[PDB]
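Have a look at the structure below, then the notes.
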Amino acid sequence: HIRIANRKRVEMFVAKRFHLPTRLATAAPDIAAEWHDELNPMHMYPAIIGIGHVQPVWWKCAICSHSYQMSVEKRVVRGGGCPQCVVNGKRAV
Amino acid sequence: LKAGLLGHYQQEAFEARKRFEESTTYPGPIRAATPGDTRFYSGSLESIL
Amino acid sequence: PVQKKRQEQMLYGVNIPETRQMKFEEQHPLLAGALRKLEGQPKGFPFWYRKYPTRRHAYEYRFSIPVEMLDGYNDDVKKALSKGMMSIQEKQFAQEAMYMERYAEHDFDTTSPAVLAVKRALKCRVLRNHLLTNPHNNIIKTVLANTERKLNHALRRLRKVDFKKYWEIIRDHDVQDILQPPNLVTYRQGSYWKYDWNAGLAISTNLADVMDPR
Amino acid sequence: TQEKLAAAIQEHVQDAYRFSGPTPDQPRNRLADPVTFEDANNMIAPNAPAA
Amino acid sequence: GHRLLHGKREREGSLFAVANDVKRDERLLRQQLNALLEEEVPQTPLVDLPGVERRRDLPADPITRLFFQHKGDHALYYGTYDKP
Amino acid sequence: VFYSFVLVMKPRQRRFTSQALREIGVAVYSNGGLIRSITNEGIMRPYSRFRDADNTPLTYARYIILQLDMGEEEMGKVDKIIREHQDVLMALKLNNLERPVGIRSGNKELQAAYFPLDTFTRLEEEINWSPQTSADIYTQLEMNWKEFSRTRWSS
Amino acid sequence: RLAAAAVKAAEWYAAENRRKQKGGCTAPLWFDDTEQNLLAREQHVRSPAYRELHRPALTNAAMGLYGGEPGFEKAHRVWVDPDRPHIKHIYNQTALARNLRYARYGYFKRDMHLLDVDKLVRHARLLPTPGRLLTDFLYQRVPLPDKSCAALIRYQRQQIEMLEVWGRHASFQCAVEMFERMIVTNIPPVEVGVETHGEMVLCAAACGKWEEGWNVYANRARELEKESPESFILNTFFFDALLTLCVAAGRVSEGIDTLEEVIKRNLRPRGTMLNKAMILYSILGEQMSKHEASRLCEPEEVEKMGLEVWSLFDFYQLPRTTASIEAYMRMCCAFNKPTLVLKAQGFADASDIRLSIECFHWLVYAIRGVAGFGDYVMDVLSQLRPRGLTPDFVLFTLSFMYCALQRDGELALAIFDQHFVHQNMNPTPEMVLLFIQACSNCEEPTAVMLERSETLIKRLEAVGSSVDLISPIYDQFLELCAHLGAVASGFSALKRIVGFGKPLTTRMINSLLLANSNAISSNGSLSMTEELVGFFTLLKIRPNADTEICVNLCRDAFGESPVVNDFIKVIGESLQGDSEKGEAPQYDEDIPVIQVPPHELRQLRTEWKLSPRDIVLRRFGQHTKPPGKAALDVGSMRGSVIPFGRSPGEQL
RNA sequence: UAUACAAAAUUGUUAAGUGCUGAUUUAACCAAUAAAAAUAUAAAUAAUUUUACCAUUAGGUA
Ligand SMILES: [Zn+2]
């Protein structure tokens, strides 16, 4: 029994197999850098939220200024992006 | 079947019969029907004669 | 100790002695009571005590508190004593009290055959649910086996002595084959039906009521 | 199902082999065959001599 | 309407006062309840001699009959020693 | 009290602490719960502390007492939120309030000789007395202390 | 619109079939999503490998000659398919051939690579938690397909629905953690498919999380389907899960939309799906009826939609079951069509339907507002016995509700006399209140009705109760005593009311006055009138117009006492003053009759999710602590067993 | 050769700490679990399941 970042109490074997390498702040630093610090709950942050978290959360874009709602699993596994960025790219090219 | 419970079963049967007689009673006589014939008899099979 | 716990769970003030001071209150006066300025002026004699003889008649609120006792109290206290705040023991007692209300013979009837059957079934359900999340509890496995055997005995006795309630319970809770012979080898020798004779339940049907004995 | 059937048939073959009694020791098999790796491997293709 | 009384406990009408327990001892409770039912209006109490419920159950020995009193239903639940 | 919670948190700014407390209260209310009392004990000097979010072994923390009346299903969610909150350095949950501690260990006679209603109705302060409080204060409560506390500085 | 959608989909599918036949003759107008699966199963079971693997044990003649030859002295290993066994009694409790221990998960771990996960879940002993199961599979590094992932999620869902209502959150969190692990495990190859998403939706439905289920997992499945063409086709199972979630959450519009989508996608629905659709239509109709009672699709339109759903049931050649009959009866009760309820019951009884007790519940509830059906109710109750069913408190409550609504009384009396007393069950306060309401509101009541009401009240008091209908029950009892002339019984019920502590009511006093008025024969006089009329002043109870009428009736029945005359004058003045203050005179409002549907009649049973098969097969590993040497030992048998033993008594 | 009778508990939870992948040791609250069919004569009332770094392993160097 170990706590993820001394926060999330999980069993040792399951933590070493799945929990530890699948954290957004650890596995995808670039994706986690776009985490929204105000609209998201204070109990939810990339240090404990996994890659496959299907419940949508707030993302603040890095290229432009836009806060949107996207799930972590869609953003990382299936591939997601800023709707404003993609529509601007469509408008440009 | 276990034979040690015969006395208890006799007591229960007596009580059940007494309750039946006390409550249900007898709602009038019933005409006696003529008895039929029984296929099941003892001994060896008999000839058709 | 288990019988004391069950007696306290079923009855209101059995733990209170005639002196109205429990042993724990004797040894820890401060932890048992506190000082309150507001006098119990609204609280007079309970004129509704006739409808709450045992705890099983009041499983709507926490600590089996009758609804009439919460009159001059705030909605916050009512919500704090509502059903959602009841503990696991309180909810289990609420379930068993509902079943006792359904299958009770009198106010203080806790040992009816149907009540025993439903209590055994609830105990089996609780033990199985515990083993669902904790499959490495050997003592719980043994307790579950014992409870299942006791439930089987209670269900067979209830089936033989009162078929109406047994059939109603079976239909309501969908356990149609709850009483089935385990082994064909023993069943074909009539050892599953010899149980009824050996248990003193052979002749108990009231044949006239359900059929024609002629 | 194919693999499971093959394993079951192998288990049956082991049960049948149990008829032969205890197996003999190594030297019987060792002296049974004077075959060499050369004759073993020439069946597929002739390998060139080492250089 | 018929309720079958299965077992000697149910035939003898055990109260089963203890919650969810049928094999608990009840003789002490029944004895105390009979003591309560006793009357302290001329109200002669009952002596401590062992009694019988029916007058016909008195011993045929005239000397032994002096040691037995005819008590209607308080004669039950007699004794101080428990099952060893 | 149903549940008590002592939260040892990093002494962040007033706005951040207020936001964390507001989130805790909103979660408690949304999960169908009630808060008996929320109190701030200020910033103290614990013997040993080690932050988890900042990984800084420094002895500076703030203590907060939170009394709740919530069911187990929702109390699990509330405990998870409190423990996973980045600001909450250490949360300790007192669930031994409605029942005295170790009555079973104490004696078999005391196992079923307690009335849970007294402890449930009393607040956590009366359940666990503070060093400064006393039964002398409790008895002064009902002694009409206003009319007597008049010569307390007569000398 | 569902019938129009069905016919449009049928014609469009026929047109597409004809077009593709011309491009490349009877064909089904729909598409069956289970025919290919059953065909694959049939081909698998008829394949020679399966037939050779699952074959009967070799006979002695087949094995060899007589015995004594090792290897050919016993039948070889026999393997059995648990789902389709070629033998009866797979397990046995012999001494040397016990195979129950050889059915636990540890033995299947060896062949976990070839293992069928659904078969393992359904037939195995001492299985670990589903999370540990998934962890063990991943540790063994086996390529879990969609069927295996769905089987694991279904095992988790079985655990969820087994657990109590207040214990679902932790299991749902375990399910979502397993889903995340399956998503993020790249090696070994693990695919999350339509079946797995449907099983997650089923878990969400079982827990009761519409927001977490509909907007997350169904949305993810739809996004996967649109992203990957034909690689994520949505089967009938996914939409069945969607309808289950809609039924669990009470969503009716979403369920109708999902069913319409199924119809439009040119694939046949399921019987369970149509039952869920009928249940949702019943919910919509009940909500509409509640809104109308308070006084927005038209009621005629929703009735037509229900009818067209029932027609589609046979349009797709879907067999109807007991659940289908129950759902259709509930929908027809919601839409107030007792004729269609009776027709449905007749149709079910016609070919082959085991009618459940809920079907008769709905049958009795459908005709609550219809007269001339007491004989039908009695015949239904009589026919319950030959069908293997027994009446219960819910059915008796519904019957007495009908009796109270029809104010017949004689029917309720006959029902109690010839059905209920044999049941020997504890009556409920609602049942007693309905019986007394019928027996009071009936015409020409009899003293046997009073006797039955007193017996029911005594039995109800003797048994326990949680609800509180004591005041209306005694009010209706006093009204019955007023109609019958039982002034003594009406006055004696006051002691029971006092013992319960309930306050007296002006309606109760009016009933007492009416009893005094119409009990000229038995007993009652001016003294009784004065004693009753001394209540309003002493108990500070407001008088009423019914009070004035009853006191005038009592005056005309017995005479003119000065106190009665003064009370009449003062009550007339007070009624005039109240009329001046308001607009209409006050009156004793009648006690409302319960007409709630049988599904919300305070069922006295929570849940028993037990399994006799698991109990007999000793799943989860029960233990009995068998006796040891006590049974085995028999003592020395050198001689015969004689009384007092061989050496009676011994000194050491 | 024949006979002589030669429940201070478990599971889970949580806290610390050593290790540095499994692992891994102790303590505490809380949760679940103690009795409940007929009969002692009733001749089998009974189930077929479960459980730091080296040197040698306690010696040094750090
Ligand atoms: Zn952007």
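Computed from the C-beta positions of G:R122 and C:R36 and an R0 of 56 Å, the FRET efficiency is 0.40 to the nearest 0.05. Over region C:79-141, Cα pairs under 8 Å with separation of 6+ residues give a relative contact order of 20 percent.
The base-10 log of I(q)/I(0) for region G:21-179, evaluated at q = 0.09, 0.16, 0.20 Å⁻¹, reads -0.49, -1.11, -1.38 [Debye formula, identical scatterers on Cα atoms, solvent excluded]. The phi-based Karplus calculation (6.51 cos²θ - 1.76 cosθ + 1.60; θ = phi - 60°) puts the 3J(HN,Hα) values of region C:62-78 at 5, 6, 6, 8, x, 5, 5, 5, 9, 10, x, 10, 6, 4, 5, 5, 4 Hz, whole numbers, x for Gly and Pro. Between helix C:88-102 and chain C there is an angle of about 60 degrees, using the helix long axis and the longest principal axis of the Cα atoms.
Summarised as an ellipsoid, region G:478-613 has semi-axes of 39, 20, 13 Å, derived from the eigenvalues of the Cα gyration tensor scaled by 5 and square-rooted, with the largest first.
Relative to the longest principal axis of the Cα atoms of chain C, helix C:113-133 runs at roughly 80 degrees. Candidates C:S191, C:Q89, C:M10 compared by Cα position along the dipole of chain C: farthest toward the positive end lies C:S191, with charges placed on Cβ. Listed by chain and number, the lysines whose C-alpha is less than 22 Å from the C-alpha of B:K2, apart from same-chain residues fewer than 8 away, are C:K160, C:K194, E:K8.
Modelled this way, with points 7 Å down the Cα-to-C-beta line, the labels at G:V570 and F:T56 are 8.3 nm from one another.
If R0 is taken as 25 Å, the Cβ-Cβ distance between C:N134 and G:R101 corresponds to a FRET efficiency of 0.70. A Cβ-based charge dipole, computed about the Cα centre of region G:78-206 with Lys and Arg at +1 and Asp and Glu at -1, lands at about 660 debye.
Residues G:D566, G:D33, ranked from the fewest to the most other C-beta atoms within 10 Å, line up as G:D566, G:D33. Say the cut-off is 24 Å between C-alpha atoms; which of A:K8/F:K10; C:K5/G:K502; C:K123/C:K165; F:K10/F:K93; G:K337/G:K609; G:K458/G:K502 go over it? C:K5/G:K502; G:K337/G:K609, as the Cα separations exceed 24 Å there. Loop exposure criterion: GluC sites (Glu not before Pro), DSSP state outside H, G, I, E and B, at most 10 other Cβ atoms within 10 Å. Applied to chain C, the longest stretch between such sites is C:40-214.
Principal axis extents of the C-alpha atoms in chain G (largest first, rounded to whole Å): 117, 107, 47.
Size of chain E from its Cα atoms: along the principal axes, largest to smallest, the extents are 44, 38, 32 Å.
Taking trypsin sites (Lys or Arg not before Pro) across region C:8-71, the ones in a DSSP loop with at most 16 further Cβ atoms lying within 10 angstrom of their Cβ are C:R20, C:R36, C:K37, C:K43.
Helical content alone sets the calculated 222 nm signal of chain A at -4500 deg cm²/dmol, taking -39,500 (n - 2.57) per DSSP H segment of four or more residues and averaging over every residue. Computed from the C-beta positions of G:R222 and C:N74 and an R0 of 51 Å, the FRET efficiency is 0.60 to the nearest 0.05. For chain D, what does the alpha-carbon gyration tensor say about shape, rounded, prolate or oblate, given a ≥ b ≥ c as the root eigenvalues, a/c under 1.5 as rounded, and a/b over b/c as prolate? Taking the square roots of the gyration eigenvalues as a ≥ b ≥ c, chain D is oblate. The GluC sites (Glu not before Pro) of region F:65-151 that DSSP puts in a loop, and whose beta carbon has at most 10 other beta carbons within 10 Å, are F:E142. Place a point 7 Å from Cα of A:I2 in the direction of its Cβ. Which residues in region G:137-154 have their backbone N less than 19 Å from it? G:139, by backbone N distance to the label point. Under 28 Å of direct C-alpha separation, and excluding same-chain neighbours fewer than eight residues apart, G:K109 reaches these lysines: A:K16, C:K141, D:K4, G:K74, G:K88, G:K119, G:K147, G:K625. When the helices of chain G are scored as -39500 (n - 2.57) per DSSP H run of n ≥ 4 and the total is divided over every residue, the value at 222 nm lands at -18500 deg cm²/dmol. If you sort the three axes of the alpha carbon gyration tensor as a ≥ b ≥ c, you get a/c of 1.5 or more for region G:193-348 and a/b above b/c, which makes it prolate. The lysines whose alpha-carbon is closer than 19 Å to the alpha-carbon of G:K343, local same-chain residues fewer than 8 away aside, are G:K304. Using equal-weight Cα scatterers in the Debye expression, the normalised intensity of region F:1-151 in log10 at q = 0.18 Å⁻¹ is -1.14.
Distances over 24 Å make up what percent of all Cα-Cα pairs in region C:1-138? Looking at region C:1-138, the distances longer than 24 Å represent 46 percent of pairs.
Between G:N426 and any residue 5 or more places off or on another chain, the built amide H atoms are never under 5 Å apart. Rounded to the nearest 10 degrees, the inclination of helix D:2-17 to the longest alpha-carbon principal axis of chain D is 80 degrees. Helices in chain B, meaning DSSP H runs of at least 4 residues, each add -39500 (n - 2.57). Divided by all residues, the mean residue ellipticity at 222 nm is -12500 deg cm²/dmol. Quick check: net charge around G:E444, other residues with Cβ under 14 Å of its Cβ, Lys/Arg +1 and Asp/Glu -1? Within the 14 Å Cβ shell, the charges total -2.
Here the residues G:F567, C:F93, ranked from fewest to most Cβ neighbours within 10 Å of their Cβ, fall in the order C:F93, G:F567. Kirkwood radius for region A:1-83, taken over all pairs of different Cα atoms as the inverse mean of 1/r, rounds to 13.2 Å. 3J(HN,Hα) along region E:70-84, derived from phi through the Karplus expression 6.51 cos²θ - 1.76 cosθ + 1.60 where θ = phi - 60°, amounts to 7, 10, x, 10, 6, 5, 6, 6, 8, x, 10, 5, 9, 5, x Hz, with x in place of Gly and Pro. All C-alpha to C-alpha distances of the protein assembly as shown, sorted into 10 Å bins beginning at zero, yield P(r) values of 1, 6, 10, 15, 18, 17, 14, 9, 5, 2, 1, 0, 0, 0, 0 percent in whole numbers. In a reduced charge model with +1 at each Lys and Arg Cβ and -1 at each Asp and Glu Cβ, the protein assembly as shown shows a dipole moment near 5100 debye about its Cα centre.
Filter the chymotrypsin sites (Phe, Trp or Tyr not before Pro) in region F:76-155 to those in DSSP coil with at most 14 other Cβ atoms within 10 Å of their Cβ, and list the result. When the chymotrypsin sites (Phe, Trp or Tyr not before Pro) of region F:76-155 are filtered for loop state and at most 14 Cβ neighbours within 10 Å, F:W129, F:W153 remain.
Computed from backbone phi with θ = phi - 60° and the Karplus coefficients 6.51, -1.76 and 1.60, the 3J(HN,Hα) list for region A:53-58 is 5, 7, 6, x, 10, 7 Hz; x is used for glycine and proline. With point charges of +1 on the Cβ of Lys and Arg and -1 on the Cβ of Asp and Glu, referenced to the Cα centre of the protein assembly as shown, which listed residue (E:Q31, G:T196, B:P35) lies farthest in the positive direction of the dipole? Result: G:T196, furthest along the dipole toward the positive end. Placing unit charges on the Cβ atoms of the charged side chains and taking the dipole of the protein assembly as shown about its Cα centre, the candidate lying farthest along the positive direction among C:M100, G:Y217, E:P59 is G:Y217.
Give, rounded to the nearest 20 debye, the magnitude of the charge dipole that chain G has about its Cα centre when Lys and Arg contribute +1 at Cβ and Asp and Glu contribute -1 at Cβ. Roughly 4180 debye, rounded to the nearest 20.
No Cβ is skipped: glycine too gets one built from the backbone with ideal geometry, and neighbour counts run over all protein chains shown. Every read-out reported here was derived from the displayed coordinates using simple, explicitly stated rules and does not represent laboratory data.
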